[PDB]
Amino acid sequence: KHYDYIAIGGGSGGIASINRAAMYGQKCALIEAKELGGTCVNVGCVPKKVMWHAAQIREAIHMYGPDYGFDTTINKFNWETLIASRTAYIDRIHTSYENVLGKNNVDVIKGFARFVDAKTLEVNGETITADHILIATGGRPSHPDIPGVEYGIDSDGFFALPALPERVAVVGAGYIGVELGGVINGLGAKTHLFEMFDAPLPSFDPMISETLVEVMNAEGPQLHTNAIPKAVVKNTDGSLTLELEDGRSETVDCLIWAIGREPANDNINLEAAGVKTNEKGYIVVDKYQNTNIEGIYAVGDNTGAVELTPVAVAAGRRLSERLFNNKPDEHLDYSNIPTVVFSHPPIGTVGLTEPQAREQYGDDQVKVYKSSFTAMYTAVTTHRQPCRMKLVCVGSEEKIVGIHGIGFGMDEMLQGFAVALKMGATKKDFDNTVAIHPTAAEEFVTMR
């Protein structure tokens, strides 16, 4: 069969690019080996956020509810009910995705695709060819090469758990490990988070790492830094003992590897098409998402770019604008991409951290405004939680180049502030907007 455009991978980048191309009169096919929606819908963004909301309910019942006057007994936490509700939601999302590709007349092929040559793919015995092929294959969890690595699960296995284990160790502490440790701790398991560096989230602004250590020490999970796994022993009673290079050990019922992800570019015969990958296995692309082979493009996690769904969606849509709607310079600017981490409490960040701004512009040019306060939701309780915010400004005009915050509300407040930073907001622009009270967000327009 011949197509104008084929996308390999029905995830975030693949679906977004193919739907936009289909709007410009291109005949398109989408190939997906597993479930529509990719990592984000099935084992990523969406089930993570449902589990985060379940942890927030249990914390409202058990931790904050008593000081608001609610004496409550959780008679039973039915794990199966929560998984059933979450799974039915993902099933309705699958049906909405099929409907959109359908109305767009996109051919969806369920199967694993491999290249035959630069223009030809084989999927399920059949060969298909196209003049434009997008590789959007995403990535997969990495696992350490250590004795006993197979007794641990990774984030995909977390979403398949049949019950909540009593004692859990999460190894990594990049944003996925921090998010899962916060959710599992919040749902009531005795939880340990092992971070290999001396601080969780080390590339984030230091205000964020320092505040996360504080709430973890007060509320769990139990943080262990400078922790490099050496081995995992399975014990006769069934439990697992994690052994660290430095000598520490911990016995738990479940161990989750959250050390990193690697690109799924390996079993699709890229060598035949001639596409170059780098040392880490990522497909090398230029600013326009072109590979080294004319007619083959890549977007998403398999390119080594920041691993976020909106980034794969915008790069995929802009690619179809460039190819099919005559916009030859259309492309995604990868700077100032906003990120929210659904930790406890959530983190929101966009732009340069204060060290970054200072290295790039010199201390002389950098003015930082900071706010620290207690989240109002928690202020009436014995479980007060900090909220800390930072604006990083440069020059006499105080152009805002970085906005960072950790606390309740950070997840929903950051989007409009990232529009404003994209428009080139200065501190004066923030200060001339009237505050909304009482919110955590108004702290960013009343900093002094």
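Note that residue numbering follows the sequence shown and begins at 1.
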Higher mean Cα B-factor in the deposited model: 419-427 or 379-387?
419-427
Higher average CA B factor in the deposited record is what I'm after, so tell me if that's 149-157 or 162-170.
162-170
Top residue by Cα temperature factor, when 291, 211, 374, 225 are compared in the entry:
291
Highest CA temperature factor in the entry: which of 181, 111, 102, 139?
102
If you rank the chain by CA B-factor, which third does residue 414 end up in: lowest, middle or highest?
lowest
Relative to the other modelled residues in the chain, which third contains the C-alpha temperature factor of residue 260: lowest, middle or highest?
highest
Taking the C-alpha B-factors as the PDB entry records them, is residue 447 in the lowest, middle or highest third of its chain?
highest
CA B-factor placement of residue 7, once the chain's modelled residues are sorted into thirds
highest
Split into thirds by Cα B-factor across the chain's modelled residues, where does residue 195 land: lowest, middle or highest?
lowest
